[PDB]
2 protein chains.
Amino acid sequence: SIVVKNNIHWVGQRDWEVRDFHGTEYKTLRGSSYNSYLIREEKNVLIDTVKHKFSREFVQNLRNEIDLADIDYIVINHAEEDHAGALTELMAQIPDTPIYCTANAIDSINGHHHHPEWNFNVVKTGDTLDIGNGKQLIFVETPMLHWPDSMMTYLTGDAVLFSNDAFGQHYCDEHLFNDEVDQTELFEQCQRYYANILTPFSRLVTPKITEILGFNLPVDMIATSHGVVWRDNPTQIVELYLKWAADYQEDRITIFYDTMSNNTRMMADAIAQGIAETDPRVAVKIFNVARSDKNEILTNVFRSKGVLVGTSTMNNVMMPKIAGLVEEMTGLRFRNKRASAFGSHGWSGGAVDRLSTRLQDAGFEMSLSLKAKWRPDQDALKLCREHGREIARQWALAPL
Amino acid sequence: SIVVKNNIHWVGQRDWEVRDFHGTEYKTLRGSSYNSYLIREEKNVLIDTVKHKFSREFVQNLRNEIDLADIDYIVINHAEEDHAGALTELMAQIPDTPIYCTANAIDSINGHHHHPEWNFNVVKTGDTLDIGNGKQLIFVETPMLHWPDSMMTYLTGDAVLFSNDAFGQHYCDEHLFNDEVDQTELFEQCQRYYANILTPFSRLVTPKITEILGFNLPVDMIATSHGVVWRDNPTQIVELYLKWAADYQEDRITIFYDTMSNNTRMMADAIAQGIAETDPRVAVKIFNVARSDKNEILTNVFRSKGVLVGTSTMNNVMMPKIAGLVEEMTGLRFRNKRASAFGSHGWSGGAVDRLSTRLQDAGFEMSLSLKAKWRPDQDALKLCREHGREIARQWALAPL
Ligand SMILES: Cc1cc2nc3c(=O)[nH]c(=O)nc-3n(C[C@H](O)[C@H](O)[C@H](O)COP(=O)(O)O)c2cc1C
Ligand SMILES: Cc1cc2nc3c(=O)[nH]c(=O)nc-3n(C[C@H](O)[C@H](O)[C@H](O)COP(=O)(O)O)c2cc1C
Ligand SMILES: [Fe+3]
Ligand SMILES: [Fe+3]
Ligand SMILES: [Fe+3]
Ligand SMILES: [Fe+3]
Ligand SMILES: [Kr]
Ligand SMILES: [Kr]
Ligand SMILES: [Kr]
Ligand SMILES: [Kr]
Ligand SMILES: [Kr]
Ligand SMILES: [Kr]
Ligand SMILES: [O]
Ligand SMILES: [O]
């Protein structure tokens with residue numbers, strides 16, 4: 001275990017090997033961690049657990065830190081399997097131990113564990129839990145951030161905010177604190193996390209942070225459930241969340257496509273050139289969805305002011321990976337972004353219009369489409385270059 | 001080169017390494033071949049070429065077999081890059097050589113190569129081309145099998161049908177003839193090919209084969225553009241095509257899904273059990289689309305009488321891989337098949353109905369959906385088992 005602050009002990013689990021989260025929908029290229037915390041004042045409080053596959057090690061390590069019978073209260077901020085997965089294993093040893101959580105958490109905890117006989121205690125925003133020595137836990141409900149059961153626990157005196165998923169990132173390191181790790185690698189994982197997970201809940205992020213700041217409670221540390229503990233200027237991740245929530249976009253255009261014989265690829269490269277030689281301020285990224293990291297693509301879309309999506313016409317419809325990715329974007333609900341569909345066809349085509357429509361369904365403001373037959377020759381590549389020019393002029397943030 | 005029959009020489013290219021076709025949409029687990037044929041009578045005729053990346057070797061090997069100037073005619077049955085990719089390289093040495101192909105082939109050849117100055121000769125069904133010694137080539141147009149430019153060339157006397165893509169398969173072997181290779185491995189690749197490529201054109205397969213049989217031309221060998229040359233009972237692949245075209249299905253149910261925390265997986269296994277203990281005649285396959293071969297899944301759907309598709313609700317929509325796969329199935333246009341959507345959700349859900357609708361759009365006859373909240377307990381797993389029972393009774397081919 002690692003001493004977080006005074007009597008706060010990190011008793012979680014590092015995961016260096018993990019490469020897949022939420023099925024295979026979130027690639028964790030730098031691993032992750034599952035942060036559990038043991039607070040030992042007059043009362044002994046355990047905050048969240050770890051993933052189920054590390055339950056054996058979790059309980060054993062917990063035994064080495066404290067007798068399980070001496071644990072007074074258990075707090076569950078979030079009942080997703082990576083934070084409450086070791087719950088059944090632990091409650092088998094101490095079934096009478098009270099569990100403090102939201103009303104929605106009872107549904108989610110029981111939904112996974114099927115032990116409704118456990119002693120649940122419904123908490124709501126403002127509720128307190130005294131642990132002795134002048135310190136107490138203050139609960140704040142954060143529904144749909146990112147789950148209905150989500151909440152945060154604040155420890156007075158030590159001024160430590162247990163935010164669970166919020167302000168966390170999938171980043172594994174032997175050092176626990178943010179000022180002890182690589183800042184660049186830390187920022188990438190933080191932005192990668194929000195873009196792929198918290199984007200559809202951005203409208204809720206700002207009012208919640210505003211509400212919490214209204215409590216006027218000091219924050220010395222922010223102990224998330226994933227990644228580093230923010231102790232050195234901890235509110236820096238809060239400020240990033242405020243910026244990322246306000247329909248974040250840079251002067252950047254993300255182009256991604258799928259192709260069977262490189263015809264659409266040729267179009268994408270010609271479009272990109274037209275943009276770069278029209279607007280030097282625009283950062284341009286290009287991805288083949290069949291050969292690229294899906295989450296890296298989505299992170300760029302989040303940072304971009306607009307995207308161009310390419311697909312060849314395959315069996316009167318679009319290519320599956322493109323359709324799949326667009327479907328996911330429909331759930332992420334990106335805002336204040338523009339889009340243009342393009343692609344090659346053999347005869348009748350139809351996949352470009354089909355794509356443009358679904359992008360509109362995903363919330364993108366659609367510009368005109370670009371279509372080409374078979375492999376683009378020099379003349380066709382000019383039209384693609386010109387399309388990029390028209391896009392660059394239409395999507396220009398400042399005049400030029 | 002390999003002697004196919006008399007003066008027919010195989011001058012194509014084997015591809016042991018290839019693992020991806022049509023982008024990454026067709027996995028070639030046993031490699032493939034690109035069959036080109038040189039006929040040397042009084043006239044010298046080249047039939048199709050190879051993929052562009054093997055163009056250097058193709059021309060060189062062709063030089064070792066014959067002087068390029070001695071080539072009289074060039075036949076292009078199909079202008080896809082794997083059969084006409086080495087065309088530009090070859091025509092650079094012999095630009096005056098006539099090219100015999102369909103009217104639609106001129107559009108496709110020029111579309112890729114951009115050399116309209118080539119000497120094209122439009123052929124239609126019934127047209128002949130004398131090559132001497134009492135032998136001649138007879139052309140038969142096969143539009144949308146699988147391309148608009150597709151055609152077949154028949155050689156009289158030797159009774160050899162050059163079918164290009166038709167009756168071919170992606171299977172690489174040192175031996176050229178069908179009776180020299182592994183029959184099981186040969187059948188798998190043949191069925192894998194049709195299911196993923198020729199399924200949406202099944203309505204056209206039967207009348208075309210009927211028309212060709214109406215010509216009363218003998219067939220000693222069938223020389224495709226991919227895989228083995230059928231010389232031992234060559235019509236066996238024709239009979240398989242007739243069966244596969246007639247909305248082929250076995251007493252078989254294919255279940256596939258995507259899951260984030262295995263809840264939907266638990267549902268799929270419970271459904272499968274219900275079916276097996278209700279109808280012992282049904283063959284059941286289960287696939288996680290995130291961890292399985294996509295084409296193996298589609299091959300099973302082709303053989304199946306009906307499918308069950310699972311998805312968890314993710315951001316108010318379905319999982320991308322499922323959406324992507326369903327999109328592709330919408331293009332494959334499977335016929336006379338039934339379907340049932342299922343999956344787990346956290347709160348409001350919605351992805352199961354969304355999936356059931358798109359399956360209906362894909363042409364599946366939809367049965368009732370099955371929904372479960374979070375992780376299924378013993379009671380919920382009974383409902384899933386019962387759902388399988390109801391499906392097994394509804395989809396039963398014979399009474400029982
Ligand atoms: C399996 C397959 C299916 C196709 N289906 C269509 C189609 O339905 N309509 C069409 O106009 N072209 C169709 N085509 C032709 C392609 O759209 C054409 O080759 C395109 O220019 C290539 O795009 P890409 O190289 O960027 O992947 C199909 C090609 C393949 C290989
Ligand atoms: C990223 C993510 C998004 C989710 N979105 C929804 C949702 O929009 N609606 C819902 O009812 N449940 C949602 N859930 C909860 C899942 O549907 C729930 O955990 C489900 O039972 C798990 O299915 P599975 O384990 O088979 O993948 C979401 C879960 C995750 C991890
Ligand atoms: Fe979570
Ligand atoms: Fe988490
Ligand atoms: Fe082809
Ligand atoms: Fe082919
Ligand atoms: Kr969160
Ligand atoms: Kr937040
Ligand atoms: Kr906050
Ligand atoms: Kr074909
Ligand atoms: Kr055919
Ligand atoms: Kr035939
Ligand atoms: O989580
Ligand atoms: O092909």
Side-chain angles (χ1 to χ4, degrees), chain A residues 21-26 78-82 107-108 111-112 140 142 144-149 152 154 161 163 165-167 196-201 205-206 208-215 217 219 222 230 234-235 237-239 241-242 260-261 328 331-333, chain B residues 21-22 26 32 34-35 48 50-51 77-85 108 146-147 149-150 164-166 168 170 193 197 224-226 257-268 288 290 310-319 322 342-352 354 371-376 380:
Chain A
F21 258 92
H22 300 147
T24 64
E25 295 305 325
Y26 194 91
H78 185 45
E80 197 166 2
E81 71 176 8
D82 56 337
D107 172 86
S108 54
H112 300 83
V140 176
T142 62
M144 297 313 299
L145 278 56
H146 60 93
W147 270 18
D149 61 14
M152 310 200 317
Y154 176 82
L161 177 60
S163 61
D165 275 347
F167 316 114
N196 290 268
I197 303 298
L198 295 177
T199 300
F201 311 116
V205 170
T206 306
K208 175 58 64 177
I209 293 185
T210 305
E211 179 191 7
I212 297 165
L213 290 178
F215 298 151
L217 297 178
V219 176
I222 301 180
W230 307 89
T235 57
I237 187 59
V238 176
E239 297 187 346
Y241 264 59
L242 290 177
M260 297 182 292
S261 48
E328 185 174 359
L332 289 183
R333 304 168 186 268
Chain B
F21 258 92
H22 300 147
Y26 194 91
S32 181
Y34 320 106
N35 304 333
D48 296 328
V50 301
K51 218 162 65 174
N77 294 309
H78 185 45
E80 197 166 2
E81 71 176 8
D82 56 337
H83 309 310
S108 54
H146 60 93
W147 270 18
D149 61 14
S150 296
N164 195 262
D165 275 347
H170 300 283
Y193 185 81
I197 303 298
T224 79
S225 65
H226 290 297
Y257 58 91
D258 208 337
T259 186
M260 297 182 292
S261 48
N262 297 325
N263 294 157
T264 297
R265 174 182 180 174
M266 289 176 57
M267 299 184 62
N288 187 321
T311 182
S312 58
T313 297
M314 171 186 177
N315 295 321
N316 296 316
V317 299
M318 72 186 74
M319 299 194 58
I322 292 299
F342 69 100
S344 175
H345 65 261
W347 38 100
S348 48
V352 182
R354 190 171 164 91
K371 305 176 188 178
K373 195 176 180 177
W374 303 113
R375 176 179 288 256

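Note that these values count all heavy atoms, side chains included, but never hydrogens, waters or copies made by symmetry. In listed order, ligands and their atoms are each counted from 1. In what follows, chains are A, B, ... by sequence order, proteins preceding strands, each numbered from 1.
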At less than 3.5 Å, what protein N or O atoms come close to the N or O atoms of ligand 2? Include the distances to 0.1 Å.
{"unit_1": "ligand 2", "atom_1": "5 (N)", "unit_2": "B:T313", "atom_2": "O", "d": "3.3"}
{"unit_1": "ligand 2", "atom_1": "5 (N)", "unit_2": "B:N315", "atom_2": "N", "d": "3.0"}
{"unit_1": "ligand 2", "atom_1": "8 (O)", "unit_2": "B:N315", "atom_2": "N", "d": "3.3"}
{"unit_1": "ligand 2", "atom_1": "8 (O)", "unit_2": "B:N316", "atom_2": "N", "d": "2.8"}
{"unit_1": "ligand 2", "atom_1": "9 (N)", "unit_2": "B:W347", "atom_2": "NE1", "d": "3.3"}
{"unit_1": "ligand 2", "atom_1": "11 (O)", "unit_2": "B:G346", "atom_2": "N", "d": "3.2"}
{"unit_1": "ligand 2", "atom_1": "11 (O)", "unit_2": "B:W347", "atom_2": "N", "d": "2.7"}
{"unit_1": "ligand 2", "atom_1": "11 (O)", "unit_2": "B:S348", "atom_2": "N", "d": "3.2"}
{"unit_1": "ligand 2", "atom_1": "11 (O)", "unit_2": "B:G349", "atom_2": "N", "d": "2.9"}
{"unit_1": "ligand 2", "atom_1": "12 (N)", "unit_2": "B:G346", "atom_2": "N", "d": "3.0"}
{"unit_1": "ligand 2", "atom_1": "14 (N)", "unit_2": "B:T313", "atom_2": "O", "d": "3.3"}
{"unit_1": "ligand 2", "atom_1": "17 (O)", "unit_2": "B:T313", "atom_2": "O", "d": "3.0"}
{"unit_1": "ligand 2", "atom_1": "17 (O)", "unit_2": "B:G346", "atom_2": "N", "d": "3.2"}
{"unit_1": "ligand 2", "atom_1": "21 (O)", "unit_2": "B:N263", "atom_2": "OD1", "d": "3.3"}
{"unit_1": "ligand 2", "atom_1": "21 (O)", "unit_2": "B:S344", "atom_2": "OG", "d": "2.4"}
{"unit_1": "ligand 2", "atom_1": "21 (O)", "unit_2": "B:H345", "atom_2": "O", "d": "3.3"}
{"unit_1": "ligand 2", "atom_1": "25 (O)", "unit_2": "B:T259", "atom_2": "OG1", "d": "3.3"}
{"unit_1": "ligand 2", "atom_1": "25 (O)", "unit_2": "B:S261", "atom_2": "N", "d": "2.9"}
{"unit_1": "ligand 2", "atom_1": "25 (O)", "unit_2": "B:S261", "atom_2": "OG", "d": "2.3"}
{"unit_1": "ligand 2", "atom_1": "25 (O)", "unit_2": "B:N262", "atom_2": "N", "d": "3.3"}
{"unit_1": "ligand 2", "atom_1": "25 (O)", "unit_2": "B:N263", "atom_2": "N", "d": "3.0"}
{"unit_1": "ligand 2", "atom_1": "25 (O)", "unit_2": "B:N263", "atom_2": "OD1", "d": "3.4"}
{"unit_1": "ligand 2", "atom_1": "26 (O)", "unit_2": "B:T259", "atom_2": "OG1", "d": "2.6"}
{"unit_1": "ligand 2", "atom_1": "26 (O)", "unit_2": "B:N263", "atom_2": "N", "d": "3.3"}
{"unit_1": "ligand 2", "atom_1": "26 (O)", "unit_2": "B:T264", "atom_2": "N", "d": "2.6"}
{"unit_1": "ligand 2", "atom_1": "26 (O)", "unit_2": "B:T264", "atom_2": "OG1", "d": "2.8"}
{"unit_1": "ligand 2", "atom_1": "27 (O)", "unit_2": "B:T259", "atom_2": "OG1", "d": "3.0"}
{"unit_1": "ligand 2", "atom_1": "27 (O)", "unit_2": "B:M260", "atom_2": "N", "d": "2.4"}
{"unit_1": "ligand 2", "atom_1": "27 (O)", "unit_2": "B:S261", "atom_2": "N", "d": "3.3"}
{"unit_1": "ligand 2", "atom_1": "27 (O)", "unit_2": "B:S312", "atom_2": "OG", "d": "3.1"}

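Results of the side chain to side chain donor-acceptor pair (under 3.5 Å) test with B:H83 over B:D165, B:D48, B:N35 single out B:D165 as the only residue that passes.
No side-chain heavy atom of A:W230 sits under 4.5 Å from any side-chain heavy atom of A:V238.
B:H226 and B:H170 have tilted rings, their planes meeting at an angle from 30° to 60° on a 0 to 90° scale. Relative ring orientation between B:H146 and B:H78 is described as perpendicular, the plane-to-plane angle rising above 60° on a 0-90° scale split at 30° and 60°.
More than 12 heavy atoms of other residues, nucleotides or ligands sit less than 6.0 Å from atom CZ of B:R354.
Taking the centre and axis of the six-membered ring of A:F167, the NZ or CZ atom of A:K208 falls outside the cone set by 45° and 6.0 Å.
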